[PDB]
Structures are given as C-alpha cells and as structure tokens.
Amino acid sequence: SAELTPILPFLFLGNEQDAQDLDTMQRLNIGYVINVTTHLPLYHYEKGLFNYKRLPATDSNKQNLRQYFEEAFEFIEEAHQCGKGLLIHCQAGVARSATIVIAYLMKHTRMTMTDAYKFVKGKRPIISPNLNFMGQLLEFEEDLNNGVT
C-alpha cells in the first residue's frame, strides 16, 4: 500500500522515499513528521501542511539516540492526543527511527524490548543492525524497570 508502515493507528515508520509520498501521508491522516537525520530536508515543508521535528542524528557508531527519546515521545503524544498520525523516518534500514519507535513502545505500551522489537520487525522486516542502538535500548529498559527515566 505504502512503504510507509503503520505501527499504531497514530504512529508510522518509514525511510526517505516513504516520507516523500504526500498522497499517502494525507489518506492516513498523518499531521506530524519526525525526521531523524541532520542532512535531509523536511519533505513537503513549504506546503504548510505538517508539524515537524528534526532529530539531527548522524552517520555514527557512537550516535546517542537516548537523549532524544523523551522529546520524540512528546511530539508523538501531541499527534496522538489531537487525533492525528505521526510519521517518524530516517533513511534506508530505518535503524534510527526504528530505535525510537521501539523505545516509544517500551515506555508507553509496557512492551519488553525484545517484544517491542518483534512487533516492529513483524510489521517492517528490514531493520538494519545497530549494536550501539540496541545497547541504548537495553539501557533504557533497565531504566524503565527502576523508575528513573
């Protein structure tokens, strides 16, 4: 239908080409876009249709994504509470964006990390491996089971 991938009714996951399909954004009621890259444009910006957030992550083995989790969740919840969708995207393999969606699932739906991962991967089967992102997620999991995020 749309390389754009539904995770929740208000949350979708995509790559670069995914986030460039305007028709699909609109028929799915997406009002919000999170762009997890430093260098890509905010696609469709000058139509003045969407609420945007850049998370300017880089090509790095040491990219810290944890520092953005909370900001991302607030933007997601903003979309959610107003009855609109949010598209979160990066580039091919969606490793940055997948990381943030899995973290969102673990915090707000109580899914274990491995369960959160399986849920997303069952919907989007090409998730590139970032051992550094996975270690951050495991760290986040420990932090949620002690009450200190």
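All residue numbers are counted from 1 along the displayed sequence.
As recorded in the PDB entry, 38 to 46 is the stretch of 94 to 102 and 38 to 46 with the greater mean C-alpha temperature factor. Taking only CA atoms, the mean B-factor in the PDB entry is higher for 53 to 61 than for the other of 66 to 74 and 53 to 61.
Per the deposited coordinates, the residue with the largest Cα temperature factor out of 113, 87, 28, 120 is 28. Annotation for residue 14: CA B-factor lies in the lowest third of the chain's modelled residues.
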